[PDB]
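Colleague: If it helps, the file is called coords.cif and holds mmCIF, N, CA and C atoms:
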```cif
data_structure
loop_
_atom_site.label_atom_id
_atom_site.label_comp_id
_atom_site.auth_asym_id
_atom_site.auth_seq_id
_atom_site.Cartn_x
_atom_site.Cartn_y
_atom_site.Cartn_z
N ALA J 2163 98.13 -21.41 162.13
CA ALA J 2163 97.03 -22.20 162.68
C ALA J 2163 95.77 -22.03 161.85
N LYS J 2164 95.48 -20.80 161.42
CA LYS J 2164 94.30 -20.56 160.59
C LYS J 2164 94.40 -21.28 159.25
N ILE J 2165 95.58 -21.26 158.63
CA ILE J 2165 95.78 -21.97 157.37
C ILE J 2165 95.61 -23.47 157.57
N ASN J 2166 96.17 -24.00 158.66
CA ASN J 2166 96.02 -25.43 158.93
C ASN J 2166 94.56 -25.80 159.15
N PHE J 2167 93.82 -24.96 159.87
CA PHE J 2167 92.40 -25.22 160.10
C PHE J 2167 91.62 -25.18 158.80
N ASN J 2168 91.93 -24.22 157.92
CA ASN J 2168 91.26 -24.15 156.63
C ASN J 2168 91.58 -25.39 155.78
N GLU J 2169 92.83 -25.84 155.82
CA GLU J 2169 93.20 -27.06 155.11
C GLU J 2169 92.43 -28.26 155.64
N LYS J 2170 92.30 -28.37 156.96
CA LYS J 2170 91.56 -29.48 157.56
C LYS J 2170 90.09 -29.42 157.18
N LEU J 2171 89.50 -28.22 157.18
CA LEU J 2171 88.10 -28.08 156.78
C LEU J 2171 87.90 -28.47 155.32
N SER J 2172 88.81 -28.05 154.44
CA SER J 2172 88.72 -28.43 153.04
C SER J 2172 88.86 -29.93 152.87
N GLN J 2173 89.77 -30.55 153.62
CA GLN J 2173 89.94 -32.00 153.55
C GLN J 2173 88.68 -32.73 154.01
N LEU J 2174 88.06 -32.25 155.10
CA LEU J 2174 86.82 -32.86 155.58
C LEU J 2174 85.70 -32.69 154.56
N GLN J 2175 85.60 -31.52 153.94
CA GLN J 2175 84.59 -31.31 152.91
C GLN J 2175 84.81 -32.25 151.73
N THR J 2176 86.06 -32.42 151.30
CA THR J 2176 86.36 -33.34 150.21
C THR J 2176 86.01 -34.77 150.58
N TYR J 2177 86.31 -35.17 151.82
CA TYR J 2177 85.96 -36.51 152.27
C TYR J 2177 84.45 -36.72 152.27
N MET J 2178 83.70 -35.71 152.71
CA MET J 2178 82.24 -35.81 152.71
C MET J 2178 81.70 -35.89 151.29
N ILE J 2179 82.28 -35.12 150.36
CA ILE J 2179 81.88 -35.22 148.96
C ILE J 2179 82.15 -36.62 148.42
N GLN J 2180 83.33 -37.16 148.71
CA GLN J 2180 83.67 -38.51 148.25
C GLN J 2180 82.72 -39.55 148.83
N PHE J 2181 82.37 -39.40 150.11
CA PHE J 2181 81.45 -40.35 150.74
C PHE J 2181 80.06 -40.27 150.10
N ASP J 2182 79.58 -39.06 149.83
CA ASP J 2182 78.29 -38.92 149.15
C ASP J 2182 78.34 -39.54 147.76
N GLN J 2183 79.44 -39.33 147.03
CA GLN J 2183 79.58 -39.94 145.71
C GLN J 2183 79.55 -41.46 145.79
N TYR J 2184 80.26 -42.03 146.77
CA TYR J 2184 80.30 -43.48 146.91
C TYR J 2184 78.93 -44.03 147.28
N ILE J 2185 78.19 -43.32 148.14
CA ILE J 2185 76.83 -43.74 148.48
C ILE J 2185 75.94 -43.71 147.24
N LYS J 2186 76.02 -42.64 146.45
CA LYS J 2186 75.19 -42.54 145.26
C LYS J 2186 75.53 -43.63 144.25
N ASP J 2187 76.81 -43.94 144.08
CA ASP J 2187 77.24 -44.92 143.08
C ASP J 2187 77.32 -46.32 143.68
N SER J 2188 76.28 -46.74 144.40
CA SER J 2188 76.18 -48.11 144.89
C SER J 2188 74.70 -48.47 144.97
N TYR J 2189 74.20 -49.10 143.91
CA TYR J 2189 72.80 -49.54 143.86
C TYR J 2189 72.68 -50.85 143.10
N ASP J 2190 73.76 -51.64 143.09
CA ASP J 2190 73.74 -52.91 142.36
C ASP J 2190 72.85 -53.94 143.05
N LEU J 2191 72.98 -54.07 144.37
CA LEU J 2191 72.25 -55.11 145.10
C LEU J 2191 70.75 -54.93 144.97
N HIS J 2192 70.28 -53.70 144.80
CA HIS J 2192 68.85 -53.47 144.60
C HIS J 2192 68.33 -54.26 143.41
N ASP J 2193 69.11 -54.35 142.33
CA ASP J 2193 68.73 -55.21 141.22
C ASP J 2193 68.69 -56.67 141.66
N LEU J 2194 69.71 -57.12 142.39
CA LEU J 2194 69.80 -58.52 142.78
C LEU J 2194 68.56 -58.96 143.53
N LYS J 2195 68.13 -58.16 144.52
CA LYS J 2195 66.92 -58.48 145.26
C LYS J 2195 65.73 -58.63 144.32
N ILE J 2196 65.59 -57.69 143.38
CA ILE J 2196 64.53 -57.81 142.38
C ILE J 2196 64.68 -59.12 141.62
N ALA J 2197 65.91 -59.42 141.20
CA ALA J 2197 66.17 -60.69 140.52
C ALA J 2197 65.76 -61.87 141.40
N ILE J 2198 65.98 -61.75 142.71
CA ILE J 2198 65.54 -62.81 143.63
C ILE J 2198 64.05 -63.05 143.47
N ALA J 2199 63.27 -61.96 143.45
CA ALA J 2199 61.83 -62.10 143.27
C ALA J 2199 61.51 -62.84 141.97
N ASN J 2200 62.30 -62.58 140.92
CA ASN J 2200 62.11 -63.30 139.67
C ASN J 2200 62.18 -64.80 139.88
N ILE J 2201 63.22 -65.27 140.58
CA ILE J 2201 63.37 -66.71 140.78
C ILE J 2201 62.19 -67.26 141.57
N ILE J 2202 61.58 -66.41 142.40
CA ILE J 2202 60.41 -66.83 143.17
C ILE J 2202 59.30 -67.29 142.23
N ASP J 2203 59.07 -66.54 141.15
CA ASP J 2203 58.04 -66.93 140.19
C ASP J 2203 58.33 -68.31 139.61
N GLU J 2204 59.61 -68.65 139.44
CA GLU J 2204 59.97 -69.99 139.00
C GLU J 2204 59.40 -71.03 139.95
N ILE J 2205 59.61 -70.83 141.26
CA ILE J 2205 59.00 -71.70 142.25
C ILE J 2205 57.49 -71.70 142.08
N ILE J 2206 56.91 -70.52 141.85
CA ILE J 2206 55.48 -70.42 141.61
C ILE J 2206 55.10 -71.29 140.42
N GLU J 2207 55.90 -71.24 139.35
CA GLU J 2207 55.67 -72.13 138.22
C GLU J 2207 55.65 -73.58 138.67
N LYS J 2208 56.65 -73.97 139.47
CA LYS J 2208 56.64 -75.30 140.07
C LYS J 2208 55.36 -75.51 140.86
N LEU J 2209 55.00 -74.53 141.69
CA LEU J 2209 53.72 -74.59 142.39
C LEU J 2209 52.58 -74.78 141.41
N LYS J 2210 52.58 -74.00 140.32
CA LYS J 2210 51.49 -74.07 139.35
C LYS J 2210 51.36 -75.47 138.77
N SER J 2211 52.42 -76.27 138.84
CA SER J 2211 52.36 -77.67 138.45
C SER J 2211 52.15 -78.61 139.62
N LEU J 2212 52.73 -78.31 140.79
CA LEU J 2212 52.82 -79.30 141.86
C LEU J 2212 51.45 -79.77 142.31
N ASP J 2213 50.53 -78.83 142.55
CA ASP J 2213 49.17 -79.22 142.93
C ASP J 2213 48.55 -80.08 141.84
N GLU J 2214 48.69 -79.66 140.58
CA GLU J 2214 48.14 -80.44 139.48
C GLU J 2214 48.78 -81.81 139.36
N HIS J 2215 49.92 -82.02 140.03
CA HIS J 2215 50.56 -83.32 140.07
C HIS J 2215 50.44 -84.00 141.42
N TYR J 2216 49.97 -83.31 142.46
CA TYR J 2216 49.97 -83.91 143.79
C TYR J 2216 48.66 -83.71 144.55
N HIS J 2217 47.90 -82.67 144.18
CA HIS J 2217 46.64 -82.34 144.85
C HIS J 2217 46.84 -82.10 146.34
N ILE J 2218 48.03 -81.63 146.72
CA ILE J 2218 48.32 -81.37 148.12
C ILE J 2218 47.44 -80.25 148.66
N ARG J 2219 47.22 -79.21 147.85
CA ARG J 2219 46.37 -78.10 148.29
C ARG J 2219 44.94 -78.56 148.53
N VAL J 2220 44.43 -79.44 147.66
CA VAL J 2220 43.08 -79.97 147.85
C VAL J 2220 42.99 -80.74 149.16
N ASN J 2221 43.99 -81.58 149.44
CA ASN J 2221 43.99 -82.35 150.68
C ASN J 2221 44.06 -81.43 151.89
N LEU J 2222 44.89 -80.38 151.82
CA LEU J 2222 45.01 -79.47 152.95
C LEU J 2222 43.72 -78.69 153.18
N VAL J 2223 43.05 -78.26 152.10
CA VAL J 2223 41.78 -77.56 152.24
C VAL J 2223 40.73 -78.49 152.85
N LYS J 2224 40.71 -79.75 152.40
CA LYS J 2224 39.79 -80.72 152.98
C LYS J 2224 40.09 -80.92 154.47
N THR J 2225 41.37 -80.97 154.83
CA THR J 2225 41.75 -81.11 156.23
C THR J 2225 41.29 -79.91 157.05
N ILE J 2226 41.45 -78.70 156.51
CA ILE J 2226 41.00 -77.50 157.22
C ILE J 2226 39.50 -77.54 157.43
N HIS J 2227 38.75 -77.90 156.38
CA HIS J 2227 37.30 -77.96 156.51
C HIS J 2227 36.87 -79.02 157.51
N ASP J 2228 37.53 -80.18 157.50
CA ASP J 2228 37.18 -81.25 158.44
C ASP J 2228 37.49 -80.84 159.87
N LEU J 2229 38.63 -80.17 160.09
CA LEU J 2229 38.95 -79.69 161.43
C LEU J 2229 37.94 -78.67 161.91
N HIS J 2230 37.54 -77.75 161.03
CA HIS J 2230 36.53 -76.76 161.42
C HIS J 2230 35.20 -77.43 161.72
N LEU J 2231 34.84 -78.47 160.96
CA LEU J 2231 33.60 -79.19 161.24
C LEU J 2231 33.67 -79.91 162.58
N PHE J 2232 34.81 -80.52 162.90
CA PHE J 2232 34.96 -81.17 164.20
C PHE J 2232 34.87 -80.16 165.34
N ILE J 2233 35.49 -78.99 165.16
CA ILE J 2233 35.40 -77.94 166.17
C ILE J 2233 33.96 -77.47 166.33
N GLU J 2234 33.23 -77.34 165.22
CA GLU J 2234 31.83 -76.94 165.29
C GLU J 2234 30.96 -78.01 165.92
N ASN J 2235 31.34 -79.28 165.81
CA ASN J 2235 30.53 -80.38 166.31
C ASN J 2235 30.64 -80.58 167.81
N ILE J 2236 31.63 -79.98 168.47
CA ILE J 2236 31.84 -80.17 169.90
C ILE J 2236 30.59 -79.69 170.63
N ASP J 2237 29.85 -80.62 171.22
CA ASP J 2237 28.57 -80.32 171.84
C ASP J 2237 28.76 -80.09 173.33
N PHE J 2238 28.38 -78.90 173.79
CA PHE J 2238 28.51 -78.53 175.19
C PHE J 2238 27.32 -78.97 176.03
N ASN J 2239 26.26 -79.49 175.40
CA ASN J 2239 25.08 -79.94 176.14
C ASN J 2239 25.38 -81.13 177.04
N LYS J 2240 26.15 -82.11 176.54
CA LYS J 2240 26.39 -83.35 177.25
C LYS J 2240 27.75 -83.38 177.95
N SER J 2241 28.42 -82.24 178.03
CA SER J 2241 29.73 -82.16 178.65
C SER J 2241 29.57 -82.01 180.16
N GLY J 2242 30.68 -81.78 180.86
CA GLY J 2242 30.62 -81.57 182.29
C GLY J 2242 29.96 -80.25 182.65
N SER J 2243 29.79 -80.05 183.95
CA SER J 2243 29.09 -78.87 184.46
C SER J 2243 27.71 -78.78 183.83
N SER J 2244 26.85 -79.76 184.14
CA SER J 2244 25.57 -79.89 183.45
C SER J 2244 24.73 -78.62 183.56
N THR J 2245 24.82 -77.92 184.70
CA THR J 2245 24.10 -76.66 184.84
C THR J 2245 24.55 -75.66 183.79
N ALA J 2246 25.86 -75.53 183.59
CA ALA J 2246 26.37 -74.68 182.52
C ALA J 2246 25.94 -75.20 181.15
N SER J 2247 25.69 -76.51 181.03
CA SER J 2247 25.17 -77.04 179.78
C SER J 2247 23.78 -76.50 179.48
N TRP J 2248 23.04 -76.10 180.52
CA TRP J 2248 21.76 -75.42 180.31
C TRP J 2248 21.95 -74.14 179.51
N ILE J 2249 23.12 -73.50 179.63
CA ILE J 2249 23.43 -72.33 178.83
C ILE J 2249 23.31 -72.66 177.34
N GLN J 2250 23.66 -73.89 176.96
CA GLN J 2250 23.51 -74.30 175.57
C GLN J 2250 22.06 -74.20 175.13
N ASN J 2251 21.12 -74.61 175.98
CA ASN J 2251 19.71 -74.42 175.67
C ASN J 2251 19.37 -72.94 175.56
N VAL J 2252 20.01 -72.10 176.37
CA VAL J 2252 19.88 -70.66 176.21
C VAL J 2252 20.36 -70.24 174.83
N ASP J 2253 21.44 -70.85 174.35
CA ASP J 2253 21.87 -70.63 172.97
C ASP J 2253 20.76 -70.98 171.99
N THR J 2254 19.99 -72.04 172.29
CA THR J 2254 18.87 -72.42 171.44
C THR J 2254 17.87 -71.28 171.29
N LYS J 2255 17.78 -70.40 172.29
CA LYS J 2255 16.89 -69.25 172.23
C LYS J 2255 17.64 -67.93 172.08
N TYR J 2256 18.94 -67.98 171.76
CA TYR J 2256 19.70 -66.76 171.58
C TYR J 2256 20.69 -66.82 170.42
N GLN J 2257 20.56 -67.80 169.52
CA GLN J 2257 21.39 -67.98 168.33
C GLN J 2257 22.87 -67.68 168.57
N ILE J 2258 23.39 -68.10 169.72
CA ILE J 2258 24.80 -67.87 170.02
C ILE J 2258 25.67 -68.89 169.29
N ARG J 2259 25.28 -70.17 169.33
CA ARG J 2259 26.04 -71.19 168.61
C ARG J 2259 26.01 -70.94 167.11
N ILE J 2260 24.93 -70.37 166.59
CA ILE J 2260 24.88 -69.99 165.18
C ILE J 2260 25.93 -68.94 164.88
N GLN J 2261 26.07 -67.94 165.76
CA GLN J 2261 27.11 -66.93 165.59
C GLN J 2261 28.50 -67.55 165.66
N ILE J 2262 28.70 -68.51 166.58
CA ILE J 2262 29.99 -69.19 166.68
C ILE J 2262 30.30 -69.94 165.39
N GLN J 2263 29.32 -70.65 164.85
CA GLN J 2263 29.52 -71.38 163.60
C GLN J 2263 29.81 -70.42 162.44
N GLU J 2264 29.10 -69.29 162.39
CA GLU J 2264 29.35 -68.32 161.33
C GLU J 2264 30.76 -67.75 161.42
N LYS J 2265 31.22 -67.42 162.63
CA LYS J 2265 32.57 -66.91 162.80
C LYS J 2265 33.61 -67.96 162.43
N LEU J 2266 33.36 -69.22 162.81
CA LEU J 2266 34.28 -70.29 162.46
C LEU J 2266 34.35 -70.49 160.95
N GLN J 2267 33.21 -70.42 160.26
CA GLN J 2267 33.22 -70.57 158.81
C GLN J 2267 33.86 -69.37 158.13
N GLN J 2268 33.70 -68.17 158.70
CA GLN J 2268 34.40 -67.00 158.18
C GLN J 2268 35.91 -67.17 158.31
N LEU J 2269 36.36 -67.65 159.47
CA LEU J 2269 37.78 -67.95 159.64
C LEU J 2269 38.24 -69.01 158.65
N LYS J 2270 37.41 -70.03 158.42
CA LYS J 2270 37.74 -71.09 157.48
C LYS J 2270 37.93 -70.53 156.07
N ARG J 2271 37.01 -69.67 155.63
CA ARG J 2271 37.12 -69.13 154.28
C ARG J 2271 38.28 -68.15 154.17
N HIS J 2272 38.59 -67.42 155.24
CA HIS J 2272 39.76 -66.54 155.20
C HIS J 2272 41.06 -67.35 155.10
N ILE J 2273 41.17 -68.43 155.88
CA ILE J 2273 42.38 -69.25 155.83
C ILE J 2273 42.50 -69.95 154.49
N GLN J 2274 41.39 -70.49 153.98
CA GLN J 2274 41.44 -71.18 152.69
C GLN J 2274 41.76 -70.23 151.55
N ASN J 2275 41.61 -68.93 151.77
CA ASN J 2275 42.07 -67.93 150.82
C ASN J 2275 43.51 -67.50 151.07
N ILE J 2276 44.17 -68.09 152.06
CA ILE J 2276 45.57 -67.81 152.38
C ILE J 2276 46.36 -69.07 152.03
N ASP J 2277 47.05 -69.04 150.90
CA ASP J 2277 47.82 -70.17 150.41
C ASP J 2277 49.26 -69.73 150.12
N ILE J 2278 50.04 -70.65 149.56
CA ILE J 2278 51.42 -70.33 149.20
C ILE J 2278 51.46 -69.33 148.06
N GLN J 2279 50.47 -69.37 147.16
CA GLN J 2279 50.45 -68.45 146.02
C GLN J 2279 50.39 -67.00 146.48
N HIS J 2280 49.45 -66.69 147.38
CA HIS J 2280 49.33 -65.32 147.86
C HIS J 2280 50.57 -64.88 148.64
N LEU J 2281 51.14 -65.79 149.43
CA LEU J 2281 52.36 -65.44 150.17
C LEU J 2281 53.50 -65.10 149.22
N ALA J 2282 53.69 -65.92 148.18
CA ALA J 2282 54.75 -65.65 147.21
C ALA J 2282 54.49 -64.34 146.46
N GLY J 2283 53.24 -64.10 146.07
CA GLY J 2283 52.92 -62.87 145.37
C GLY J 2283 53.16 -61.64 146.22
N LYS J 2284 52.72 -61.67 147.48
CA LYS J 2284 52.93 -60.54 148.37
C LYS J 2284 54.41 -60.34 148.67
N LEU J 2285 55.16 -61.44 148.80
CA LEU J 2285 56.60 -61.32 149.02
C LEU J 2285 57.28 -60.66 147.82
N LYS J 2286 56.90 -61.07 146.60
CA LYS J 2286 57.46 -60.44 145.41
C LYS J 2286 57.09 -58.96 145.35
N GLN J 2287 55.84 -58.64 145.70
CA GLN J 2287 55.41 -57.24 145.71
C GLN J 2287 56.23 -56.42 146.69
N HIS J 2288 56.49 -56.96 147.88
CA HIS J 2288 57.29 -56.24 148.87
C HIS J 2288 58.74 -56.10 148.42
N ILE J 2289 59.31 -57.13 147.81
CA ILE J 2289 60.68 -57.04 147.33
C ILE J 2289 60.81 -55.98 146.24
N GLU J 2290 59.88 -55.97 145.28
CA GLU J 2290 59.96 -55.03 144.17
C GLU J 2290 59.53 -53.62 144.56
N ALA J 2291 58.73 -53.46 145.61
CA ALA J 2291 58.27 -52.14 146.01
C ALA J 2291 59.36 -51.35 146.72
N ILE J 2292 60.20 -52.02 147.50
CA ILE J 2292 61.26 -51.34 148.24
C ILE J 2292 62.35 -50.93 147.26
N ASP J 2293 62.61 -49.63 147.17
CA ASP J 2293 63.62 -49.08 146.28
C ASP J 2293 64.66 -48.36 147.13
N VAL J 2294 65.82 -48.99 147.32
CA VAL J 2294 66.87 -48.40 148.15
C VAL J 2294 67.59 -47.25 147.46
N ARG J 2295 67.45 -47.12 146.14
CA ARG J 2295 68.10 -46.03 145.43
C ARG J 2295 67.52 -44.68 145.85
N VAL J 2296 66.20 -44.61 146.00
CA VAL J 2296 65.56 -43.38 146.47
C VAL J 2296 66.02 -43.06 147.88
N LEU J 2297 66.12 -44.08 148.74
CA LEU J 2297 66.58 -43.86 150.11
C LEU J 2297 68.01 -43.34 150.13
N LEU J 2298 68.88 -43.91 149.30
CA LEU J 2298 70.26 -43.45 149.24
C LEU J 2298 70.35 -42.02 148.72
N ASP J 2299 69.54 -41.69 147.71
CA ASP J 2299 69.53 -40.32 147.20
C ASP J 2299 69.07 -39.34 148.27
N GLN J 2300 68.01 -39.69 149.00
CA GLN J 2300 67.53 -38.82 150.08
C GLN J 2300 68.57 -38.66 151.17
N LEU J 2301 69.25 -39.76 151.53
CA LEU J 2301 70.30 -39.69 152.55
C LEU J 2301 71.46 -38.81 152.10
N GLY J 2302 71.87 -38.92 150.84
CA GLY J 2302 72.98 -38.12 150.36
C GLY J 2302 72.64 -36.67 150.12
N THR J 2303 71.36 -36.37 149.88
CA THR J 2303 70.97 -34.99 149.62
C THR J 2303 70.62 -34.24 150.90
N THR J 2304 69.84 -34.86 151.79
CA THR J 2304 69.43 -34.18 153.02
C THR J 2304 70.63 -33.90 153.92
N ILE J 2305 71.55 -34.85 154.02
CA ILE J 2305 72.72 -34.69 154.89
C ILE J 2305 73.79 -33.92 154.13
N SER J 2306 74.20 -32.78 154.69
CA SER J 2306 75.26 -31.96 154.11
C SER J 2306 75.78 -31.01 155.18
#
```
The structure in this file should be written as structure tokens.
Modeller:
Amino acid sequence: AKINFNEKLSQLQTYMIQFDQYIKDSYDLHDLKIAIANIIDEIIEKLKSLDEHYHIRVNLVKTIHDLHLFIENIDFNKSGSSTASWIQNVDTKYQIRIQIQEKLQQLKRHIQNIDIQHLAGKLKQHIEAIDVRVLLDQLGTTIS
């Protein structure tokens, strides 16, 4: 029984060694994902031309600015609840609507700085930053 148990323990140790070896010798897909990011830049190249051929980004930025202007133009003075509309005159003496307009324009400039280019760049950065080889090495070394 002792010899059989020792044989079983040796077999389990050999299996664990083989499993660690197989884990270590599998890092091909990590390249593929990086390669995926490469093809993304190709789309970016297309992007780098598409606006210059379509001006879609210019139209969308104009649309965002126009929507923000319409939102800023909504006048609460002549709306319902006329007594609450007096609060608007309170805004006249408390620069509240000015703060609202400033926050809306800050949101506008933040969104207009968020385009497809930044999304593609950040996606490529995240794809290339994640390195599964280090994770596999840590998993195979810590576990024993």
Colleague: My list of candidates is J:2254, J:2288, J:2302, J:2222. Which is closest to residue 2181 in chain J when distances are computed with all atoms listed in the file?
Modeller: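 With all atoms listed in the file as the atom set, the closest residue is J:2302.
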Colleague: Select, from J:2274, J:2300, J:2243, J:2279, the residue with the minimum atom-to-atom distance to residue 2213 in chain J, counting only C-alpha atoms.
Modeller: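 So, comparing all the options, the nearest one is J:2279.
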Colleague: My list of candidates is J:2278, J:2270, J:2294, J:2306. Which is closest to residue 2226 in chain J when distances are computed with all atoms listed in the file?
Modeller: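 Result for the nearest residue to residue 2226 in chain J: J:2270.
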Colleague: Can you pull out every residue from range 2179-2291 of chain J that DSSP, working from the backbone, puts in helix (DSSP H, G or I), and format the result as a VMD selection string?
Modeller: chain J and resid 2179 to 2186 2190 to 2216 2218 to 2235 2244 to 2254 2258 to 2274 2278 to 2291
Colleague: Go ahead and compute the interatomic distance for atom C of residue 2237 in chain J and atom N of residue 2251 in chain J, in Å to one decimal.
Modeller: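 If I compute the distance from atom C of residue 2237 in chain J to atom N of residue 2251 in chain J, I get 9.8 Å.
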Colleague: Name the residues that the PyMOL selection byres (((chain J and resi 2293 and name CA) around 12) and name CA) picks from the file above, as number ranges by chain, using the file's chain letters and numbers.
Modeller: J: 2189-2196, 2287-2292, 2294-2300
Colleague: In Å, how far is it from atom C of residue 2236 in chain J to atom C of residue 2224 in chain J?
Modeller: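 These two atoms are separated by 18.8 Å.
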Colleague: What separation in Å, quoted to one decimal, exists between atom N of residue 2186 in chain J and atom C of residue 2174 in chain J?
Modeller: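 Value for the atom N of residue 2186 in chain J-atom C of residue 2174 in chain J distance: 16.1 Å.
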Colleague: Counting only C-alpha atoms, figure out which residue out of J:2187, J:2207, J:2277, J:2182 gets nearest to residue 2223 in chain J.
Modeller: J:2277
Colleague: Pick out the residues sitting within 9 Å of residue 2202 in chain J, and hand them over as an MDAnalysis selection string; count only C-alpha atoms, and ignore anything fewer than 3 positions along from it in its own chain.
Modeller: chainID J and resid 2197:2199 2205:2207 2282:2283 2285:2286
Colleague: Could you turn the residues from that selection into a file that holds N, CA and C atoms, as a PDB file, keeping the file's coordinate frame?
Modeller:
```pdb
ATOM      1  N   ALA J2197      65.910 -59.420 141.200  1.00  0.00           N
ATOM      2  CA  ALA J2197      66.170 -60.690 140.520  1.00  0.00           C
ATOM      3  C   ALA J2197      65.760 -61.870 141.400  1.00  0.00           C
ATOM      4  N   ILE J2198      65.980 -61.750 142.710  1.00  0.00           N
ATOM      5  CA  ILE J2198      65.540 -62.810 143.630  1.00  0.00           C
ATOM      6  C   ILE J2198      64.050 -63.050 143.470  1.00  0.00           C
ATOM      7  N   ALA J2199      63.270 -61.960 143.450  1.00  0.00           N
ATOM      8  CA  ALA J2199      61.830 -62.100 143.270  1.00  0.00           C
ATOM      9  C   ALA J2199      61.510 -62.840 141.970  1.00  0.00           C
ATOM     10  N   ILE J2205      59.610 -70.830 141.260  1.00  0.00           N
ATOM     11  CA  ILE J2205      59.000 -71.700 142.250  1.00  0.00           C
ATOM     12  C   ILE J2205      57.490 -71.700 142.080  1.00  0.00           C
ATOM     13  N   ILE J2206      56.910 -70.520 141.850  1.00  0.00           N
ATOM     14  CA  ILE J2206      55.480 -70.420 141.610  1.00  0.00           C
ATOM     15  C   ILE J2206      55.100 -71.290 140.420  1.00  0.00           C
ATOM     16  N   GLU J2207      55.900 -71.240 139.350  1.00  0.00           N
ATOM     17  CA  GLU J2207      55.670 -72.130 138.220  1.00  0.00           C
ATOM     18  C   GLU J2207      55.650 -73.580 138.670  1.00  0.00           C
ATOM     19  N   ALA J2282      53.690 -65.920 148.180  1.00  0.00           N
ATOM     20  CA  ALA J2282      54.750 -65.650 147.210  1.00  0.00           C
ATOM     21  C   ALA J2282      54.490 -64.340 146.460  1.00  0.00           C
ATOM     22  N   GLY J2283      53.240 -64.100 146.070  1.00  0.00           N
ATOM     23  CA  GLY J2283      52.920 -62.870 145.370  1.00  0.00           C
ATOM     24  C   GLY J2283      53.160 -61.640 146.220  1.00  0.00           C
ATOM     25  N   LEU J2285      55.160 -61.440 148.800  1.00  0.00           N
ATOM     26  CA  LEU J2285      56.600 -61.320 149.020  1.00  0.00           C
ATOM     27  C   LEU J2285      57.280 -60.660 147.820  1.00  0.00           C
ATOM     28  N   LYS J2286      56.900 -61.070 146.600  1.00  0.00           N
ATOM     29  CA  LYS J2286      57.460 -60.440 145.410  1.00  0.00           C
ATOM     30  C   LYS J2286      57.090 -58.960 145.350  1.00  0.00           C
TER      31      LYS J2286
END
```
